[PDB]
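As they're listed, the protein sequences go chains A and A'. A prime marks a further copy of an entry chain.
For reference, each letter of the first sequence is one residue, going 241 to 298, 308 to 797 in the deposited numbering.
For reference, each letter of the second sequence is one residue, going 241 to 298, 308 to 797 in the deposited numbering.
Number of protein chains: 2
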Amino acid sequence: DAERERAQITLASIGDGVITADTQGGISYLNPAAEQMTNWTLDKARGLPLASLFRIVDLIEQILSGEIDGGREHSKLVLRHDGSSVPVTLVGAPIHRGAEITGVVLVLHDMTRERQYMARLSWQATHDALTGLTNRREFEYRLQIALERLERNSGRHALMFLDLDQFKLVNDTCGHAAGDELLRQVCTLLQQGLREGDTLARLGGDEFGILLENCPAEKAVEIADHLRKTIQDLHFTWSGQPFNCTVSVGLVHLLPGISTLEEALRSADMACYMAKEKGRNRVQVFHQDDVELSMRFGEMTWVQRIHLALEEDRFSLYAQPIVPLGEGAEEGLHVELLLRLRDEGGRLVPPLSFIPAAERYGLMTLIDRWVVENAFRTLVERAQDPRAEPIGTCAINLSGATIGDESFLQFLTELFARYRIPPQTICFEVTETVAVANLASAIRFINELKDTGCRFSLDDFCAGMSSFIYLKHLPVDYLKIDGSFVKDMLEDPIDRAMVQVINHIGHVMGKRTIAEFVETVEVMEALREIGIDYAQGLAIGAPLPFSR
Amino acid sequence: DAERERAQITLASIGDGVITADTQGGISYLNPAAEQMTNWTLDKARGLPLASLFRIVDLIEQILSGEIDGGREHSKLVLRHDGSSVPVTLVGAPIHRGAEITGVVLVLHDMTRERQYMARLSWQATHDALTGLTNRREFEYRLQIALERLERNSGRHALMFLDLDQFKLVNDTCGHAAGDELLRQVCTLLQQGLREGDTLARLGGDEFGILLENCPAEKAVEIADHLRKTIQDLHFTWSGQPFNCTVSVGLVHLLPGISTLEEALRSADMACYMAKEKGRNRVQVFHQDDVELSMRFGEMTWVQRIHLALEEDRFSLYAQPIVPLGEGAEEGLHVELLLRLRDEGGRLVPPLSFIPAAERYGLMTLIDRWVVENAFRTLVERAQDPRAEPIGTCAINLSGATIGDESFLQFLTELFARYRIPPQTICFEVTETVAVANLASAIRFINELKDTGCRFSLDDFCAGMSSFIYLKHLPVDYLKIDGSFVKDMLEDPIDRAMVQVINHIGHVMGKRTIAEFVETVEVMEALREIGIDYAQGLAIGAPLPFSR
Ligand SMILES: Nc1nc2c(ncn2[C@@H]2O[C@@H]3COP(=O)(O)O[C@H]4[C@@H](O)[C@H](n5cnc6c(=O)[nH]c(N)nc65)O[C@@H]4COP(=O)(O)O[C@H]3[C@H]2O)c(=O)[nH]1
Ligand SMILES: Nc1nc2c(ncn2[C@@H]2O[C@@H]3COP(=O)(O)O[C@H]4[C@@H](O)[C@H](n5cnc6c(=O)[nH]c(N)nc65)O[C@@H]4COP(=O)(O)O[C@H]3[C@H]2O)c(=O)[nH]1
């Protein structure tokens with residue numbers, strides 16, 4: 241029928257190569273994109289076998314009907330038979346007649362064409378890949394325009410920082426794929442509650458940004474409380490299991506002309522942190538003098554609380570083993586160090602409660618200098634026993650405060666002299682986020698320490714081009730695959746490939762990989778099969794006391 | 241007919257949303273990917289108008314048949330009418346019956362899905378986007394494996410660095426799109442001449458890398474000379490105009506176990522530079538003592554040549570104006586400074602001949618200290634005339650040598666005191682490549698200088714995610730759109746969009762843009778329309794003498 245013309249136009253409109261072949265070989269259809277890719281017109285290629293023209297290699310034109318893919322892209326090369334290869338990502342599917350497998354269809358994507366997609370490159374640079382909302386790049390730009398513009402600048406604006414109180418919980422509990430959905434659902438929820446001419450963004454992690462251009466002070470708080478209540482009223486469930494979904498809002502009434510971008514962002518960040526300190530699931534409006542004193546007070550509260558904890562010897566160190574998945578691998582003992590604080594009452598405080606508050610008020614350099622010294626102090630005390638299990642590696646986490654700290658190296662040279670621990674045994678751990686936050690400083694730090702004999706590790710690493718662009722400049726020795734991927738790796742196929750990608754690129758960049766959150770032997774065997782170097786988790790070993 | 245089942249399966253296999261509608265509105269077809277995207281089954285959406293269901297916005310379902318796109322993707326949003334937007338890149342095409350425009354077809358791509366493509370992310374990180382060959386990441390990794398491996402390491406390997414002698418010429422003359430084709434053609438040409446188990450890469454720019462694992466010394470040179478002759482025998486033509494296409498090969502006979510990656514790459518780079526110094530279109534085999542003395546000799550030759558040129562006052566400075574495209578924009582005079590050397594004979598030497606040789610032997614810090622001092626010296630001499638055209642901006646190019654040079658700031662503080670030129674007037678210029686080469690150092694440099702009052706500019710900038718990732722960390726004030734894009738912008742549609750992308754993202758990152766190589770008023774008007782801030786080129790003003 242002439243309905244073929246409609247179908248032919250549709251397939252011609254599509255950018256990807258479309259090859260339709262018979263169950264044995266012979267070509268049925270070729271869209272112009274496939275005709276171009278294969279160097280063969282359908283006029284002169286119809287009925288001729290696929291393999292006896294060009295070649296799809298790394308024979309293959311049978312596993313589609315048998316057992317392979319079913320949606321997952323696979324890297325292949327179209328050997329033209331004259332003008333060499335065309336790099337493609339294949340998608341195969343069997344052509345049926347109910348049960349009768351009559352042929353096979355292939356969806357080929359030219360990896361060379363990627364470079365040409367401009368409207369897509371322009372989008373990604375102005376939007377978050379996951380949510381589809383504007384990113385910090387575009388958001389700060391939009392905020393700056395709102396603060397300097399001459400036209401449409403009659404009223405006052407409103408800036409909100411909305412932190413999803415349960416994002417880490419969902420993500421760590423259910424896996425990366427779950428927390429991505431929670432963010433994907435919270436996005437549309439805020440999107441529903443926002444008028445036209447309003448900027449909604451994801452400024453990273455669990456944080457979202459709202460810009461309310463030309464909005465009165467009352468309306469601005471009324472809108473905030475509503476979005477806060479609607480996230481609270483949102484019932485989030487992952488594989489039937491429900492989550493107590495809620496958000497911490499920080500509001501800033503902005504003024505165009507007199508207020509600045511740095512002040513605007515720093516003010517919304519103070520007020521947001523305040524809603525969290527004031528118990529989470531709260532809106533907090535910024536005020537320059539009053540309810541700003543709360544930060545001045547909080548500084549003194551935490552200076553005293555952290556210092557008291559150091560003099561009262563309330564901090565203790567725990568050790569969690571990291572083991573090689575390598576076949577018959579010996580090596581020394583490898584452990585990561587985990588900090589534990591015991592409150593005045595005598596209860597173990599998890600790092601959730603004090604580390605962010607000690608990060609905010611700038612007391613982390615202290616905690617790091619305390620941790621490193623006690624890790625060396627404990628290593629000497631352990632060394633006293635001849636029969637004791639020798640430690641080949643000892644991973645210690647460093648804050649952005651320490652990376653910025655110019656006096657740290659001297660302190661470490663002083664620690665190495667005093668305790669005589671070999672540098673090689675030590676492996677400092679910095680998170681990909683912390684490194685990118687102060688990029689120049691992380692590089693300069695990493696190199697100064699690597700030259701001392703120490704080792705480096707890039708904790709909580711998530712694959713993407715940016716991360717692999719950053720990884721080029723960070724001379725780390727190891728890569729800690731973010732546990733959220735390792736959690737539901739055997740459940741969601743995207744996270745299994747996300748682990749698979751970190752491993753290959755990690756190895757290509759000459760880095761040994763570590764999988765975090767390896768809770769089950771089944772997970773461990775999955776990672777061993779993939780070729781992950783080390784496993785850390787509950788199936789390996791739980792944190793046990795290191796210090797006294 | 242039942243051929244609909246074949247077509248339905250094909251459209252279901254495709255990842256992108258496919259909406260087929262009537263000339264007025266009503267829906268004809270929806271693939272499951274479009275059904276998912278639009279929140280409507282074809283069972284319950286057939287015949288109902290497109291606009292009276294969901295909405296494609298920033308009405309639109311008519312310009313496809315009229316006049317718009319014809320292949321170019323356009324950013325749009327599918328407003329679900331219940332669960333807000335889905336970010337997409339649209340491709341429209343009219344459905345015909347010869348002349349009878351019966352309907353319309355739309356190809357929608359979910360920008361959220363981009364994040365999920367893993368096989369594609371893994372590829373891009375191990376391959377060059379343009380050529381499709383392995384990148385430096387993968388190539389160095391493959392080389393390292395070849396130097397340490399226990400299995401398949403009986404023989405000796407061969408490393409080649411093949412520099413395309415005319416790549417800059419084609420690119421500058423014809424435009425970016427031409428030099429990309431030349432590289433695309435040279436790729437398949439080397440690909441044709443390479444056996445199975447051989448690594449062919451593009452280690453950037455005009456440079457390609459060849460790894461010949463387990464190959465005898467004779468065969469290795471025989472293969473080199475052949476690939477050299479076949480590139481020479483390649484007839485390259487752009488829009489009918491032919492180019493004298495040829496390559497400079499540098500060969501290194503590698504040994505697995507005793508030889509190292511750093512040595513391997515540095516040796517192939519020395520021998521390659523040598524084929525260029527020995528007149529280009531040559532293969533050059535590396536030898537540790539003999540024909541290595543040529544580098545020791547070349548150091549002395551250029552130490553003498555550059556120093557002689559400084560004491561003989563043979564170097565002179567030229568000024569090229571950069572003008573704003575801004576409507577009724579005044580400002581001071583903006584100029585870029587260009588270095589000119591006059592050889593012993595009295596002939597103007599173009600920077601092509603001495604800058605790479607003075608970069609290699611490390612004499613650039615010298616030339617930069619000479620340039621900056623004479624730019625300030627000339628500015629004072631110009632200032633002596635009251636009626637003289639005042640200079641508001643003066644752009645000066647800095648080498649990676651100067652960026653690495655810790656004593657430069659002191660030198661500049663010394664120059665500012667001595668000549669009394671205000672820092673604000675000065676705009677130092679560093680190329681995106683030079684910055685990324687020593688990333689930590691460029692950031693630390695840029696910031697130290699920006700704090701002095703100076704300005705910064707990122708010369709020869711090419712849009713891509715990596716460049717926009719780097720641009721985040723480089724606090725430059727301006728962006729010099731690579732002239733190769735500006736050259737054939739009104740000819741190839743990809744380069745017009747490549748200019749368009751740099752401008753928008755550049756402005757989003759709060760940077761003023763400059764277009765290089767603005768040869769015609771027509772080009773200038775094109776860039777003005779796009780919203781480019783400044784234009785530099787022959788239509789604006791040619792380089793005239795600045796110094797004496
Ligand atoms: N669900 C699950 N969890 C597992 C499993 N195995 C280990 N874990 C948990 O994973 C965390 C490992 O630490 P991290 O991700 O590097 O993340 C660290 C690090 O970000 C920070 N931290 C801890 N100590 C220090 C320190 O001394 N200095 C600095 N700067 N940060 C520290 O706090 C976090 C440690 O908190 P912990 O409560 O010790 O949390 C530990 C541990 O309780 C598992 O199989 N399943
Ligand atoms: N086809 C075409 N070309 C145009 C047009 N307008 C200007 N040009 C050319 O574009 C070049 C501009 O310099 P650049 O791209 O920054 O690139 C610079 C820079 O990379 C380098 N350079 C020059 N002076 C210095 C210097 O003093 N120090 C350092 N480190 N590098 C320098 O050498 C290059 C300058 O070489 P020049 O021969 O002066 O080349 C000049 C100029 O001749 C046009 O409309 N059409």
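Beta carbons are placed, not taken as given, at the ideal position from N, Cα and C, and that holds for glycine.
Any beta carbon from chain A within less than 7 Å of residue i's own beta carbon?
i, result
"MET277 of chain A'", "no"
"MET714 of chain A'", "yes"
"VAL757 of chain A'", "yes"
"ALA247 of chain A'", "yes"
"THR250 of chain A'", "yes"
"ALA342 of chain A'", "yes"
"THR437 of chain A'", "yes"
Would you decide whether residue i is buried or exposed? Buried here means 16 or more other CB atoms lie within 10 Å of its CB.
i, result
"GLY446 of chain A", "exposed"
"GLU467 of chain A'", "exposed"
"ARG386 of chain A'", "buried"
"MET549 of chain A", "exposed"
"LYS284 of chain A'", "exposed"
"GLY341 of chain A'", "buried"
"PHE546 of chain A", "exposed"
Check residue i in the structure and name its three-state DSSP category.
i, result
"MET409 of chain A'", "strand"
"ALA712 of chain A", "coil"
"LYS527 of chain A'", "coil"
"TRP487 of chain A'", "strand"
"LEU647 of chain A'", "coil"
"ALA342 of chain A'", "strand"
"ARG589 of chain A'", "strand"
"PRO639 of chain A'", "coil"
"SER403 of chain A", "coil"
"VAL767 of chain A'", "coil"
"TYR610 of chain A", "coil"
"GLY332 of chain A'", "coil"
Report yes or no: is there a C-beta of chain A' within less than 7 Å of the C-beta of residue i?
i, result
"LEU370 of chain A", "yes"
"residue 812 of chain A", "The structure shown has nothing for residue 812 of chain A, since chain A only spans 241 to 797."
"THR448 of chain A", "no"
"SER253 of chain A", "yes"
"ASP241 of chain A", "yes"
"residue 217 of chain A", "For residue 217 of chain A there is no data in the structure shown, the boundaries of chain A being 241 and 797."
"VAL584 of chain A", "no"
"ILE267 of chain A", "no"
Check the Cβ of residue i against every Cβ in chain A' and list those closer than 9 Å, keeping chain order.
i, result
"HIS722 of chain A", "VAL685, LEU688 and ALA689"
"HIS753 of chain A", "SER371, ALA374 and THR375"
"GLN440 of chain A", "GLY332, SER333 and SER334"
So which residues on chain A does residue i lean against when the C-beta distance must stay under 8 Å?
i, result
"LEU379 of chain A'", "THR361 and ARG364"
What does residue i touch in chain A if you count any residue whose Cβ is under 9 Å from its own?
i, result
"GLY649 of chain A'", "Near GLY649 of chain A' there are no residues of chain A at all, since even the closest Cβ is about 15 Å away, more than 9 Å."
Run down chain A' in chain order and give the residues with a C-beta less than 8 Å from the C-beta of residue i.
i, result
"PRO336 of chain A", "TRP372, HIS376 and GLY381"
"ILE692 of chain A", "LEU688 and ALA689"
"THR260 of chain A", "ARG246 and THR250"
Closer than 7 Å by beta-carbon distance: list the chain A' residues that pair up with residue i, in chain order.
i, result
"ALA746 of chain A", "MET367"
"residue 301 of chain A", "The residue list of chain A ends a segment at 298 and starts the next at 308, so residue 301 of chain A has no coordinates to report."
"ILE472 of chain A", "Chain A' residues near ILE472 of chain A: none, gap ~16 Å exceeds 7 Å."
Pocket of ligand 1 (residues with CB nearer than 5 Å to any heavy atom), chain order: Each of A:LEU587, A:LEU588, A:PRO600, A:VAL620, A:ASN646, A:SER648, A:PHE766, A:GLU768, A:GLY786 and A:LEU787 has a C-beta closer than 5 Å to some heavy atom of ligand 1; these make up the full list, in chain order.
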